[PDB]
Ligand SMILES: [Zn+2]
Ligand SMILES: [Zn+2]
Ligand SMILES: [Zn+2]
Ligand SMILES: [Zn+2]
Ligand SMILES: [Zn+2]
Ligand SMILES: [Zn+2]
Ligand SMILES: [Zn+2]
């Protein structure tokens with residue numbers, strides 16, 4: 001698998017593109033390609049300041065994580081959907097959310113099951129702390 | 001050309017309390033994972049961003065000041081290894097024929113600027129697939145008393 | 001002056017491996033398992049493309065050369 005099947009970039013309108021798929025954690029069901037993401041593609045509802053989650057293909061997965069036993073079904077990078085901070089493990093992400101953003105209740109698309117294969121790519125939760133503590137626990 | 005002493009890294013200690021990240025790398029990996037693959041051999045760090053990607057190196061120890069860095073590249077693919085890197089406004093190319101270590105000692109001003117955080121830009125590789133590959137990144141520094149902070 | 005009195009590590013190490021700092025002199029096409037000590041990098045390979053390999057088990061290859069080209073095997077009089 002080297003193409004993001006079923007997902008099309010919302011800027012260049014290209015489907016089954018090759019590379020890093022970009023999913024907005026506040027912005028509903030809009031996705032970006034690597035080229036459009038690096039070009040600062042912005043719309044009336046989406047801005048470059050939106051927290052940003054990255055999902056790879058299987059070829060991209062074993063290219064990026066070459067030498068490790070991690071698989072596509074085990075995402076390893078999750079973005080802080082309020083903060084813009086990125087590269088948190090599941091435990092790291094839940095610790096960050098509990099510590100720095102305990103009282104934040106803005107609606108977000110949570111990075112984990114959005115990037116998890118077979119999960120909900122646009123799951124909406126007003127309490128992402130409840131997301132991380134209830135169903136998103138390892 | 002800032003001529004550095006060859007024995008510079010002899011007068012500096014490798015640092016394990018260093019965090020690695022950056023939105024270019026944090027998209028694919030997490031900070032603990034980046035630290036693990038930059039402090040160990042057999043595995044690497046990749047980034048398919050054309051033009052290069054930025055690594056944010058943060059110091060978790062307030063008693064230690066950054067003085068230089070060393071990057072191991074070429075173990076996986078020489079083509080996927082980057083052509084050049086840049087830091088603190090200084091750019092040096094990576095002409096690679098095999099796996100090796102590249103050094104970059106910091107000036108006193110650069111060391112002062114790298115007290116807590118620093119940014120290292122890495123140019124895109126010559127790989128036709130557009131994959132930039134860096135195997136291991138080791139950072140060196142000295143205590144504030146020794147550095148004369 | 002001080003560097004002149006410093007001798008290459010090989011005279012102590014010989015064909016045995018001590019724990020020392022060693023580099024890669026890419027001008028001499030000697031990398032991976034081949035390198036020099038601090039003195040040879042500073043003196044025997046001045047102005048060469050030298051990259052620090054690591055601090056570990058090693059013996060200086062420049063002093064291990066059988067042709068005697070190593071200038072750090074004996075004391076040097078400052079110019
Ligand atoms: Zn696009
Ligand atoms: Zn958005
Ligand atoms: Zn945050
Ligand atoms: Zn979720
Ligand atoms: Zn020597
Ligand atoms: Zn040489
Ligand atoms: Zn010598």
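Every residue, even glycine, has its Cβ placed from backbone N, Cα and C.
Here Swiss-Prot gives zinc finger for one range in the set A:78-101, A:102-125: that range is A:78-101.
Classification of residue A:36 (Zn(2+) 1 binding site) by DSSP places it within a helix. Taking the centre of the Cβ atoms of A:24, A:27, A:46, A:50 as the Zn(2+) 2 site, the nearby residues of that chain (Cβ within 8 Å, site residues left out) are A:25, A:26, A:30, A:45, A:47, A:52. All protein chains shown were included, and the count of other CB atoms within 10 Å of the CB of residue A:24 (Zn(2+) 2 binding site) stands at 24.
Same-chain residues with CB within 8 A of the center of the A:9, A:12, A:33, A:36 CB atoms, the Zn(2+) 1 site residues themselves not counted, are A:10, A:11, A:13, A:14, A:17, A:32, A:34, A:35, A:37, A:41.
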